[PDB]
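Chains T, P, O, S, N, R, M and Q, in that order, are what the protein sequence lines are. Each residue of the first sequence is one higher than the one before, counting from 34 in the entry's author numbering. Each residue of the second sequence is one higher than the one before, counting from 32 in the entry's author numbering. Each residue of the third sequence is one higher than the one before, counting from 12 in the entry's author numbering. Each residue of the fourth sequence is one higher than the one before, counting from 11 in the entry's author numbering. Each residue of the fifth sequence is one higher than the one before, counting from 24 in the entry's author numbering. Each residue of the sixth sequence is one higher than the one before, counting from 24 in the entry's author numbering. Each residue of the seventh sequence is one higher than the one before, counting from 41 in the entry's author numbering. Each residue of the eighth sequence is one higher than the one before, counting from 38 in the entry's author numbering. One structure is given below, encoded as structure tokens.
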Amino acid sequence: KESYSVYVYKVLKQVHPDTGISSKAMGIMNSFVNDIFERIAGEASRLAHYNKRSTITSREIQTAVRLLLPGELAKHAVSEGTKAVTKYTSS
Amino acid sequence: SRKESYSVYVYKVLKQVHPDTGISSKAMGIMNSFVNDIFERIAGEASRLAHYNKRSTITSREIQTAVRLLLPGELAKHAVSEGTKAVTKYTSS
Amino acid sequence: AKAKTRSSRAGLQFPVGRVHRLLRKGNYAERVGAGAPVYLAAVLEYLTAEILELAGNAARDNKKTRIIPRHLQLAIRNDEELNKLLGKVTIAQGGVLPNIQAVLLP
Amino acid sequence: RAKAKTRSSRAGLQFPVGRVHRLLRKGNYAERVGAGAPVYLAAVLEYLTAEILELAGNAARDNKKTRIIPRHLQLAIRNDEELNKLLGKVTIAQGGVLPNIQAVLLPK
Amino acid sequence: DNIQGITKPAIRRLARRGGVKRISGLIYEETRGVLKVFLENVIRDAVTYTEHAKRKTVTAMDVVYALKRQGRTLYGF
Amino acid sequence: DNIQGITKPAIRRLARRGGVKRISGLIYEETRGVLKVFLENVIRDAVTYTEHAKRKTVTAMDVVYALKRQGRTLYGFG
Amino acid sequence: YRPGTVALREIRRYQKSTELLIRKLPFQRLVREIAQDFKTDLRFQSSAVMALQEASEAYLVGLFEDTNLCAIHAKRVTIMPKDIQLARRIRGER
Amino acid sequence: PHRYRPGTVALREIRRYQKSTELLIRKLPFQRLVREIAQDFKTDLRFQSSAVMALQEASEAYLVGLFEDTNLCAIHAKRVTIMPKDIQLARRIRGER
DNA sequence: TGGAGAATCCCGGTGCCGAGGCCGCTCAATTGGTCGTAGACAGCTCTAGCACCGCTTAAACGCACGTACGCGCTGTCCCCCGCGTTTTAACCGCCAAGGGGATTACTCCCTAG
DNA sequence: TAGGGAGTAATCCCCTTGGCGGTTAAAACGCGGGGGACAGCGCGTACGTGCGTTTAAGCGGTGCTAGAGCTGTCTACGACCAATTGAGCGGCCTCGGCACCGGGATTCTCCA
Numbered sequence: 034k035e036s037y038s039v040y041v042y043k044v045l046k047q048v049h050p051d052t053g054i055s056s057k058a059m060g061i062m063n064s065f066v067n068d069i070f071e072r073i074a075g076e077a078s079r080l081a082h083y084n085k086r087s088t089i090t091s092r093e094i095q096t097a098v099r100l101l102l103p104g105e106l107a108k109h110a111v112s113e114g115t116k117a118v119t120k121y122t123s124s
Numbered sequence: 032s033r034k035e036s037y038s039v040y041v042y043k044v045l046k047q048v049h050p051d052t053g054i055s056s057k058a059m060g061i062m063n064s065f066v067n068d069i070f071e072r073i074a075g076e077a078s079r080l081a082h083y084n085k086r087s088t089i090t091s092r093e094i095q096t097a098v099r100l101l102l103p104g105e106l107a108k109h110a111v112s113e114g115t116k117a118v119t120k121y122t123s124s
Numbered sequence: 012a013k014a015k016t017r018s019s020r021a022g023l024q025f026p027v028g029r030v031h032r033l034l035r036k037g038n039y040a041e042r043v044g045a046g047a048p049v050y051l052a053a054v055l056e057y058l059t060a061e062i063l064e065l066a067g068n069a070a071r072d073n074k075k076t077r078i079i080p081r082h083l084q085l086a087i088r089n090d091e092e093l094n095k096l097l098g099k100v101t102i103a104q105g106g107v108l109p110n111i112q113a114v115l116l117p
Numbered sequence: 011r012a013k014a015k016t017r018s019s020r021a022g023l024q025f026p027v028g029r030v031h032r033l034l035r036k037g038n039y040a041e042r043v044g045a046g047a048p049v050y051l052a053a054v055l056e057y058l059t060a061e062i063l064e065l066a067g068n069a070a071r072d073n074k075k076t077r078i079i080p081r082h083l084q085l086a087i088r089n090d091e092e093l094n095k096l097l098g099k100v101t102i103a104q105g106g107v108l109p110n111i112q113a114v115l116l117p118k
Numbered sequence: 024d025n026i027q028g029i030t031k032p033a034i035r036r037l038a039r040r041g042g043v044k045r046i047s048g049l050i051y052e053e054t055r056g057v058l059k060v061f062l063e064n065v066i067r068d069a070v071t072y073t074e075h076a077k078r079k080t081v082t083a084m085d086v087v088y089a090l091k092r093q094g095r096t097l098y099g100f
Numbered sequence: 024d025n026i027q028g029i030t031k032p033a034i035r036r037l038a039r040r041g042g043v044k045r046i047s048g049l050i051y052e053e054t055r056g057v058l059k060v061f062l063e064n065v066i067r068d069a070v071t072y073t074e075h076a077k078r079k080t081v082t083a084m085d086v087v088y089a090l091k092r093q094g095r096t097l098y099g100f101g
Numbered sequence: 041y042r043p044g045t046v047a048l049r050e051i052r053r054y055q056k057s058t059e060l061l062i063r064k065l066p067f068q069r070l071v072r073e074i075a076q077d078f079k080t081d082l083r084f085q086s087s088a089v090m091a092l093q094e095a096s097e098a099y100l101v102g103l104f105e106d107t108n109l110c111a112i113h114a115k116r117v118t119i120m121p122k123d124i125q126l127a128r129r130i131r132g133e134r
Numbered sequence: 038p039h040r041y042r043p044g045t046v047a048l049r050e051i052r053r054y055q056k057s058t059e060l061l062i063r064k065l066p067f068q069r070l071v072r073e074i075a076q077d078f079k080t081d082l083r084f085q086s087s088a089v090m091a092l093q094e095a096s097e098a099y100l101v102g103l104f105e106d107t108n109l110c111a112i113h114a115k116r117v118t119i120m121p122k123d124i125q126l127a128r129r130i131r132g133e134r
């Protein structure tokens, strides 16, 4: 029974080290993660099918993020994603 | 180029329901859009149903359930009826 | 042997084969069952017929033999069930239902 | 075999690039999924998580508490223009409302 | 006749949370009607998923799916 | 400017179609503002699809996808 | 307190708490009363009824906000059936 | 000499424009406005003829639907005149605001 | 009860452009086998939902009273409305130009297995 | 380790960019001018406040089994594959529904 709990916890103890989070709040945050995942993945799939592609590349994920997230949110998200993919490629 | 559409089948159905009536290219575009849209809806909901219940096949039963979720009121009952008729004719033949 | 279309075998005008292809190649599922395109074609045909019937009536009422976009708008908005199904949909050259609010009349 | 370096790390991430990849691939978004796609999506998911949790901890401190709960998540998601636009049609259980009383109703 | 179990006080509290200063007495029966229509829409979908799953028990997920289907996503389950 | 090409008469006609009997003079500039916000949202998405497709021309499909993205599905194109 | 002030105190009390505002057993009985019109002898997860309640209370609270603005627009401080119907009207729930 | 009373010709129009399918905003002003905006997102774009018409249809459909909701708000407040107030409550209850 | 004259509707002839249709043809849809696993089914466990029962006491509910708010009524005259009017520039019809969306062909490294 | 999707170059055409000139419908204006918005005021009733009694909400126990979830089998249905052919796509055909225009017959306003 898989959940993004673990990771929510690692991020929390990175951003507010002495603060915990409740079980209910963990549930809500996990739901948040699943929802955003779904939305981005789905928009990406649509973009792919619309351009007659059959693959969801980094560039699909980027454009999905730019369609979905607003303003500064979108910009910062694009930035983080690009940084991550760059580091991955380097390694 | 090549651009397939439902215009043929729309016209066949029109000439069964109202033989004297025609259909403009703009109206045909709307009907083509409509068929595409509701195909995407029912296929999409059937996909979700399959994924949820951990099934890998959009069977008749998924399509039936999708139809019950998507169409309001009497449209659901009538759509489910015609679908059930169609699969009965098919499987019995 | 001679080819018999699944459309005709199912008693449908709508193309069971084309619907089957679109369900496979639209990435909706790993597998598409044999009954699925038959059922979906039946439903799309039914709903096509329902809108075209009401649009044909609308055309007749306006003394015309051709369905223009206006007739599809009148067909959709005057049926509660179509208007609930297509409530968030805009139809090009459709116009609006004639409707003046009660308190505006003299 | 050479030692297994987790892709999350290869990436400098806490989030599970591995699981994200499974979900994209096994999740029928398309026939083929690149490595880049998992990495990027995982990163974006981490960023938004970070923002929400940060604002939530800020709220929790403002109310002198050590533990992030639903009401805190809710007040965080509503005080930011961008998160409130992202989650504008989402209901959070045990979140409550933001305090708001109209002016005309206030004492005069 | 269980609808009137949604008490006048219960409706009052919800109106208070929604920032309402004074409540006309006809609101209580409208609110019941509105709530019943909303519940019917969600429960019909939840039961639809339940039947599809070949279950006799409505689960939390069936409700969450029904709410998401209606543009009222519910986080926490 | 170009937004003032959405003339007072044009806005009047649209209000009339919606059943509006009397129109305050402040409506015209509010309507222009509201329209500009709507068009910006749809065009932003349309350009986003256009860029993704590696095209320089915005197509009818890009607009239809942008509208469907925003819950305002348009039949008659595509 | 001078009249009308206790109302603003009550509003504050209800806006700062996270508790559920409908009683659990009345709501549960309403859910089952509605359910048996769709299929008889349905069972419910305990958590499913709570999910319905949270969604239902969130819906009604949001509706009352929109209702309030309709009243205030008409230069009233009292909400009325008309205000609910306009809110439902413009939301497209009609 | 002859004068239809204020309100009469208005109802004549409400009948005329509710019976017609035509676009009410002139096309060229509209095309110019559509472009004028697009060049802030990408320079030297081209537009299909049909793309501008799709934008116009969607824009007119949006504004007319908004004005219906606006009208009901005015009527609720016992007015016949729509104002910023009405438009804004309409946009809010809908969800846009 | 009664006109001037405006907005409106119905008829009829014209003609044009697109509604309803026909010829090739090709590529997708069918036929007909093969196979291997996804899912249907049957059996079994034990979780949790249902059902019930007694008690406590928080809240609901019923009542009484009064007040302030909703609502009706009156009177004043704003800034938006309105005309014929004058101005303006879309629209229409036609034409040149060529951008970049679309096709084919190939080649290679991306991701699946 | 396999093999085919996609990135790329040679190629071009169709539909978009663009201009131009004439017409006229429409947009915007020089000046009047009004009816329904709004403010004020009064009054009555319905909602808020509080006080007392009734009523089942809510806690908590007990018990029972329905039914959700797992587990092992096996089959029949779908994916695939290759050959075959006819239904549907392009585009050319041709004639009729609609647009249009004018002209005449009528309903309607609003105010005498």
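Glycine included, every Cβ here is placed at the ideal spot set by N, Cα and C.
What's the call for residue i, buried or exposed, on a 16-neighbour Cβ count within 10 Å?
i, result
"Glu133/M", "exposed"
"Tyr41/Q", "exposed"
"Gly44/O", "buried"
"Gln27/N", "exposed"
"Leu65/Q", "exposed"
"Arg11/S", "exposed"
"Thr59/O", "buried"
"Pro117/S", "exposed"
"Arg99/P", "buried"
Do residue i and residue j have their CB atoms nearer than 8 Å?
i, j, result
"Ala33/N", "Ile46/N", "no"
"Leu106/P", "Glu92/O", "yes"
"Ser112/P", "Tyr50/O", "no"
"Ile62/M", "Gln93/M", "yes"
"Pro80/O", "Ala58/P", "yes"
"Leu90/R", "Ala95/Q", "yes"
"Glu53/N", "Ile124/M", "yes"
"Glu73/Q", "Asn64/R", "no"
At a CB-CB cut-off below 7 Å, which residues of chain N make contact with residue i?
i, result
"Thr101/S", "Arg95, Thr96, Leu97 and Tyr98"
Going along chain N in order, which residues have a C-beta closer than 8 Å to the C-beta of residue i?
i, result
"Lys57/T", "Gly99"
Starting from residue i, trace the beta strand (DSSP E) in both directions and tell me its first and last residue.
i, result
"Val100/S", "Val100 to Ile102"
"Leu97/N", "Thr96 to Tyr98"
Which stretch, first to last residue, makes up the alpha helix (DSSP H) that contains residue i?
i, result
"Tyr83/P", "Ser56 to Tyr83"
"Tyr50/S", "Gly46 to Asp72"
"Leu33/O", "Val27 to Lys36"
"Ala127/Q", "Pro121 to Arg131"
"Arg92/N", "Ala83 to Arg92"
"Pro43/Q", "It is not in any alpha helix (DSSP H) - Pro43/Q carries neither H nor E in the DSSP assignment."
Could you tell me which chain R residues have their CB closer than 8 Å to the CB of residue i, listed as they occur along the chain?
i, result
"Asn63/T", "Going along chain R, no residue has its Cβ under 8 Å from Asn63/T, so there is no contact; the nearest lies around 26 Å."
How would you list, in chain order, the residues of chain Q whose beta-carbon sits under 9 Å from the beta-carbon of residue i?
i, result
"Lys64/M", "Those do not exist, as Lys64/M stays about 31 Å from chain Q at its closest Cβ, beyond 9 Å."
Who are the neighbours of residue i on chain R, taking C-beta pairs under 9 Å?
i, result
"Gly60/P", "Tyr98, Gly99, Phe100 and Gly101"
"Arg69/Q", "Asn25 and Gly28"
What does residue i reach in chain O if we use C-beta pairs closer than 7 Å?
i, result
"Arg40/R", "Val107"
Give me the chain P residues within the contact set of residue i, using Cβ-Cβ distance strictly less than 9 Å, ordered along the chain.
i, result
"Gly28/O", "Those within 9 Å of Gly28/O in chain P number zero; the least Cβ separation is about 12 Å."
Which residues of chain S have a Cβ atom closer than 9 Å to the Cβ of residue i, listed in chain order?
i, result
"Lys77/N", "None at all; the shortest Cβ gap to chain S is about 23 Å."
Quick test of the definition: if touching needs 3 or more C-beta pairs under 8 Å, does the region 52-70 of chain S touch the region 45-55 of chain T? Yes, the region 52-70 of chain S is in contact with the region 45-55 of chain T.
Does the pairing of the region 76-91 of chain T with the region 86-103 of chain S give three or more beta-carbon distances under 8 Å? With the rule of 3 Cβ pairs closer than 8 Å, the region 76-91 of chain T does not count as touching the region 86-103 of chain S.
Could you check whether the region 108-123 of chain P touches the region 91-98 of chain N, counting it as contact only if at least three pairs of C-beta atoms, one from each stretch, sit closer than 8 Å? no
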